[PDB]
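See structure below.
Protein chains in written order, with PDB author numbering: chain A, 1 to 496; chain B, 1 to 496; chain C, 1 to 496; chain E, 1 to 74; chain D, 1 to 74; chain F, 1 to 74.
What follows is the structure in structure tokens.
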């Protein structure tokens with residue numbers, strides 16, 4: 001399992017004869033997939049990447065200057081000029097200056113002065129924008145069955161199966177050996193919108209920075225610094241990063257506003273990280289919609305003999321998983337292969353079994369086996385495996401489980417957005433209602449207020465509620481109170 | 001006359017027979033001094049400086065990091081430790097990470113993790129504060145008489161004399177050659193306030209930056225950056241520029257917030273420049289109240305004959321100075337040591353001489369001479385120099401003359417503050433009233449509102465006026481209305 | 001005489017208890033001066049000029065386009081560039097052309113197209129500005145005595161004298177031969193306002209075109225055409241005369257906007273002409289305010305004997321001058337030199353001589369003489385010369401004569417402006433009142449509304465008067481009626 | 001980090017200042033530059049105050065404050 | 001030249017993030033910092049509101065808004 | 001001499017056209033661009049109209065024709 005190794009899990013279950021389930025896989029999340037009388041699977045999203053993406057804007061974060069020149073004219077003899085006003089990679093400025101007989105002039109008054117300098121970016125201080133192509137994005141999704149073996153996060157499991165998806169792959173069939181085959185179907189058009197996305201890259205040589213950042217498309221085009229596209233030797237708008245002093249009668253000073261890197265790194269705020277591996281560019285935040293087909297799964301070992309109850313030993317004693325399940329491991333010294341007798345008892349009635357096993361029909365094979373995961377009611381229990389017995393106390397209460405599941409639901413909804421209704425979906429009418437309401441209300445808030453800052457949104461929400469308190473009509477008063485409450489829900493209700 | 005080479009100038013007249021004048025000399029400005037029957041002298045302030053000033057706080061603008069370490073402990077094993085946690089020169093952080101069987105812990109849940117990194121400033125990326133000592137500051141003041149020669153802004157005028165003042169001195173007499181002696185008294189009290197100014201230095205060797213900035217004293221202590229005093233081997237508060245990633249199971253990332261130089265250079269917008277040249281640290285702003293005594297000056301050459309009226313020629317035609325005076329230069333071929341009989345006449349009246357000569361008793365001499373400056377009434381005029389004549393028109397009006405002097409009065413009053421009342425020795429009762437009222441009223445605004453931003457000051461002034469319109473008591477209403485008007489005056493006079 | 005030959009003639013009169021008279025010489029006018037006992041003079045201004053005036057802006061009126069270059073890029077493959085975008089004298093444009101799969105692109109949608117063309121003015125299609133320099137203007141004024149010989153406006157009269165005036169010129173003395181001397185002085189600085197004037201020139205080789213125009217200075221700076229100063233190869237705003245067609249997929253076409261010369265010539269409606277003589281530049285409008293001092297003038301021939309009455313003949317019979325006076329010429333056959341007896345008798349009043357002679361004491365001399373000019377009272381008159389007679393009827397009446405003088409007075413005022421009050425050295429207090437009132441009202445109207453067009457000046461005046469009739473207060477009504485009516489009284493003189 | 005902007009009153013004088021700063025001589029151009037991009041922005045701020053607020057003096061000052069704060073709203 | 005703050009309804013996606021944003025819990029530290037640094041002035045806003053505003057609820061709300069806004073403009 | 005232009009109803013098909021063959025786009029961009037030249041001209045005309053006209057509807061409406069004509073005379 002990888003679900004045992006991760007901070008986050010969700011569970012799905014199909015009733016008997018259910019052939020398809022709908023999943024909304026998030027990067028770094030995982031799903032435990034089950035159906036009545038069929039073997040369980042772990043499913044997760046493993047990467048979202050491209051090789052050699054297309055370039056866009058380059059920006060300069062720190063200017064270098066050379067070879068400056070100056071010229072000036074007296075108040076009568078017209079505007080001053082220099083050859084370097086008409087050449088590539090130059091920045092120039094022209095202004096009036098004070099003049100008189102003391103400076104060897106003809107007459108007292110305002111003259112004119114002109115100044116020129118060569119401009120270039122400091123050798124490693126470039127910022128590069130990159131953009132993905134929908135025709136070349138690869139999504140990687142992986143599956144492993146609960147074989148009953150255990151393998152660490154830094155070890156490779158032979159039962160693990162891998163698949164890759166683009167605009168040009170159909171319903172895939174993946175084979176899992178004795179367990180049969182599983183069918184998997186991506187919809188790459190449902191992924192993170194490329195039109196909102198850019199990948200920002202600075203110097204890769206820094207030991208103590210992220211290698212890339214998942215910046216928004218609009219913000220990256222409104223940046224004020226000097227810029228170009230690839231292959232050009234000249235810089236556009238080079239006058240953004242130098243400024244010139246007040247003139248003296250015969251000279252003027254040019255000043256460099258210095259390395260902007262600290263301004264950029266503070267301005268990025270909460271933006272998600274990305275990473276680079278040679279030619280490969282990975283996103284590290286995003287989601288995919290997919291269908292999993294439970295069409296051809298076999299329950300392994302239904303023909304196997306049951307174990308001798310006496311020859312079991314604990315390999316790893318019972319522990320709380322932190323996901324409200326109990327996990328344990330057993331070692332067995334008899335003949336193999338064989339099937340493990342398991343049950344759990346409420347401490348007061350020995351006739352009733354309460355073990356909800358999440359790995360159906362568990363077995364010992366020649367090479368390995370004997371991991372078990374189970375869920376139990378709250379309070380005292382006895383757990384049995386063969387003639388071994390152990391005493392346990394499951395924490396919490398029935399109210400605690402519905403609260404914890406409710407929290408996971410709300411936390412998913414405020415990250416997936418309107419796609420959150422597709423998880424484990426069924427043809428019930430409410431699946432249309434929820435997706436419609438989120439399309440309407442989400443469309444309203446994003447179009448009306450989407451670009452407004454967090455504290456400004458709170459001030460607007462308070463002002464709109466306060467207009468609701470003060471205005472003279474009771475229906476419109478309530479409408480201003482409710483709509484102010486929506487802006488506060490989209491801010492203080494997101495976090496405070 | 002250096003006052004012809006400069007764009008800010010002022011004129012002072014001793015009232016008949018008065019021995020002493022009080023001058024508020026202002027850096028890079030100049031004043032021309034005049035009195036009945038006595039030669040005219042130009043006085044100006046050339047430098048304010050010290051050698052090797054006192055060194056205060058140092059700040060780090062770009063952190064450089066080495067020797068990262070991390071250690072972690074299994075859930076309930078008890079918290080982690082590393083030798084570096086107690087040492088100087090390192091930043092350490094402690095946090096919780098999730099652990100389980102997939103990463104070699106015995107129990108699932110929250111573990112504990114700690115990480116350490118060594119900290120330094122990059123070799124030239126320091127920022128350093130310096131402070132002036134009242135016992136060591138040196139003022140340089142310079143004087144030249146109007147000799148009737150003309151000398152360029154880049155030539156050594158032999159008539160120029162210099163005096164150096166320190167708190168260890170007060171009075172000096174300068175010999176002017178033929179013109180006799182002039183007396184000058186300085187005080188180091190009522191100079192630039194040494195208790196409220198700091199000189200800030202970055203790397204002195206950059207070709208395209210000022211060498212120093214004249215930062216306010218409170219500012220350089222309200223900053224939030226890594227800092228130390230001189231000679232110390234390790235920095236205080238190094239956590240200001242290093243920050244850490246949220247833990248993985250068994251790792252934490254260490255990140256560098258990068259070079260702050262551009263953030264600092266942006267933040268100092270509006271502060272005046274300073275410069276460092278060799279061992280000396282000059283200011284390029286300030287003022288000094290000085291007393292000039294004119295008891296011992298002599299008019300040169302009252303005994304000479306007048307020129308032959310036939311032998312004059314023009315060397316420069318009459319030209320506008322931009323200070324509302326006329327300047328000219330003449331050439332001659334008679335026996336050289338003789339007086340030039342200059343006069344001017346207004347059109348429509350007899351030859352009452354309207355030329356107020358600012359240089360009294362102009363002569364040629366064997367070494368040179370022949371430069372004149374004068375003031376004339378508005379409208380059509382003719383100027384005569386022996387048999388030479390030139391027609392002229394003087395711009396503006398008798399009302400415009402008063403408005404132009406009024407503006408320069410308002411500029412001095414706002415730029416120099418309370419000391420502006422000390423200009424001119426005619427100490428009538430209104431001068432003491434102004435000095436007292438400015439001390440009281442200026443002290444109130446500068447202590448109550450002084451540090452507040454320019455816009456929120458105006459918004460407060462508007463608020464006190466808005467409230468003043470609404471008060472039912474007439475005395476309180478007028479007080480609030482006046483207070484709003486005062487805050488608006490105290491701001492908007494400095495707003496453009 | 002010259003005053004016989006030009007239609008703008010005027011007469012200045014007085015008594016020798018005042019010897020100084022103030023004249024306003026207008027270029028293309030003539031003035032006659034007369035007084036008790038002293039001879040009459042003809043006075044005029046003959047040319048205002050400079051040699052080689054200062055050059056300023058040159059403008060291009062016909063573009064030559066050459067060497068055009070085009071480039072384009074596929075929809076996502078970045079914007080295009082050309083080397084010619086970074087060279088002198090080159091006009092460039094950039095646009096989003098359409099592209100598609102059939103035009104060799106890999107995608108639908110907008111691409112990029114860029115185009116460059118090189119620019120020069122065509123040979124001899126320049127327009128040039130010139131400006132006068134105050135220290136280098138020459139004004140030429142001429143005087144001749146009313147000799148009583150006659151010469152046409154064709155040959156050169158021997159008695160004529162000429163004097164040139166510049167900013168460095170005195171109360172000059174002109175030696176009028178036998179008639180003694182006249183004294184002459186000029187307000188050179190207060191003629192035409194050189195702050196207003198530019199002289200505009202096209203090429204010199206054209207036939208029907210005027211040689212130059214007296215354009216206004218502000219107008220000359222708002223011309224929306226390409227420009228430079230001397231010695232430069234680049235043209236500023238070269239894009240004014242070229243525009244580009246909406247792109248095809250792989251072409252964009254430059255359009256030459258063509259020779260603008262007719263639009264310039266159609267714009268300079270109502271602007272006075274000027275002319276050029278190798279290196280002199282002459283104005284053909286404007287005026288000087290001037291003094292003549294009559295102190296040293298002498299009468300001629302007062303000791304001669306009277307003619308013997310029978311020896312006269314008419315040579316040119318009494319005829320109407322077109323300017324109130326009557327003119328005649330006589331041939332005489334007696335000894336010379338001698339005095340011609342002249343008188344005129346009003347019908348029925350033989351006791352009084354009514355002839356006002358414009359030339360005092362007419363004499364024949366050995367080389368020439370015998371022209372006479374006189375003024376007579378209206379109606380039936382008899383003219384006598386020796387014992388010859390001629391009958392005459394003098395047109396008009398005293399009321400019509402006052403109206404004719406009043407018309408010329410209004411024509412002086414409406415073209416000289418505020419200077420019109422200098423004509424004749426009248427000491428009466430009302431002259432100061434009229435001078436002040438016109439100066440105030442003219443300054444107010446010019447500074448408030450001066451540049452507004454004829455129709456909007458009328459519409460503003462009418463609108464304020466009509467609003468005045470609609471106002472609900474009688475004092476405000478009168479203020480709107482007055483302010484509306486004054487604009488019309490200041491402006492209705494133009495035309496239709 | 002968050003280094004603030006230096007105050008505009010302190011160390012006033014006739015020497016070269018480093019950069020133009022941010023007094024009302026600058027800020028009035030920033031308000032007009034916001035408005036001529038966002039052409040409808042002042043319409044509701046003027047119109048709602050003109051409809052809702054009694055007394056010309058407090059109405060006008062409320063409009064002046066609402067416009068003076070404008071470039072800080074985003 | 002300035003660079004605008006990016007912070008909005010971003011490409012959120014549940015992975016690791018760069019340093020988290022200065023929301024209300026952080027903004028209150030800027031208020032406390034200004035109350036300490038500008039201490040002598042702070043009585044004026046409270047005193048004027050205490051004299052001028054009737055009703056404790058709107059009086060407290062006006063003081064809270066004034067002190068919350070001040071460090072965004074000072 | 002004069003050679004006055006024509007528009008609106010010689011209207012050719014979807015082919016290329018000569019430079020800036022439009023009236024409403026030109027007049028709108030001219031009117032909105034002119035406002036920077038002289039504020040006091042339109043401000044004083046608006047102030048006089050706001051004082052002189054009786055009833056808010058005609059007081060708002062009548063000014064539009066004058067401002068539509070204004071750039072033909074300035």
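Ideal Cβ positions, reconstructed from N, Cα and C, are used throughout, including at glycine.
- Per DSSP, the beta bridge partners of residue 47/C are 140/C.
- In this structure residue 19/B is exposed. Its beta-carbon is surrounded by fewer than 16 other beta-carbon atoms within 10 angstroms.
- Within the region 329 to 417 of chain A, the complete alpha helix (DSSP H) segments at least 4 residues long are 398 to 416, listed from N- to C-terminus.
- Rounded to whole angstroms, the gap between the alpha carbons of residue 455/B and residue 35/E is 19 Å.
- Around the Cβ of residue 356/C, a 10 Å sphere holds fewer than 16 other Cβ atoms; the residue is exposed.
- If you look at residue 269/B, you'll find it isn't in any beta strand (DSSP E); DSSP assigns it neither H nor E.
- For the pair residue 30/C and residue 143/C, the Cα-to-Cα distance works out to about 10 Å.
- Look at the beta carbons and you see the region 181 to 190 of chain C touching the region 285 to 298 of chain C: at least three pairs across the two are nearer than 8 Å.
- If you ignore the 5 residues before and after residue 92/B, its C-beta comes within less than 6 Å of the C-beta of 85, 116, all in its own chain and listed in chain order.
- Inclusion of residue 360/B and residue 340/B in the CB contact set at 8 Å is not warranted, their separation being larger than that value.
- Note that the C-beta distance between residue 51/B and residue 279/B is below 8 Å.
- Identification of residues in the region 219 to 250 of chain A having a C-beta nearer than 9 Å to some C-beta of chain C yields 229, 230, 231, 232, 234, given in sequence order.
- Distance between residue 63/A and residue 113/C, taken at the CA atoms: about 30 Å.
- Taken through DSSP and simplified to helix, strand or coil, residue 442/B comes out as helix.
- Counting C-beta atoms within 10 angstroms of its own C-beta, residue 210/B has 16 or more neighbours from the protein chains shown and is therefore classed as buried.
- Residue nearest to residue 212/B within the set 198/B, 222/B, 474/B, 332/B is 198/B (criterion: CA-CA distance).
- Collapsing the DSSP output to three states places residue 161/A in a strand.
- In the DSSP assignment, residue 260/C forms no beta bridge with any residue.
- Secondary structure note for residue 67/A: its beta strand (DSSP E) is the uninterrupted segment 63 to 73.
- In the structure shown, residue 151/C falls within a coil segment according to DSSP collapsed to helix, strand and coil.
- Non-local C-beta neighbours of residue 138/B in its own chain, meaning closer than 8 Å and more than five positions away in sequence, comprise 47, 48, 49, 50, 164, 165, 166, ordered along the chain.
- When the alpha-carbon of residue 308/A is set against those of 367/A, 387/A, 346/A, 379/A, the nearest one is in 387/A.
- Given a length threshold of 3 residues, each whole run of the beta strand (DSSP E) inside the region 204 to 262 of chain C is given here in chain order: 212 to 216, 242 to 244, 254 to 256.
- One thing to note: residue 11/E has its Cβ no nearer than 8 Å to the Cβ of residue 438/B.
- Look at residue 266/A: its C-beta is under 8 Å from a C-beta on chain E.
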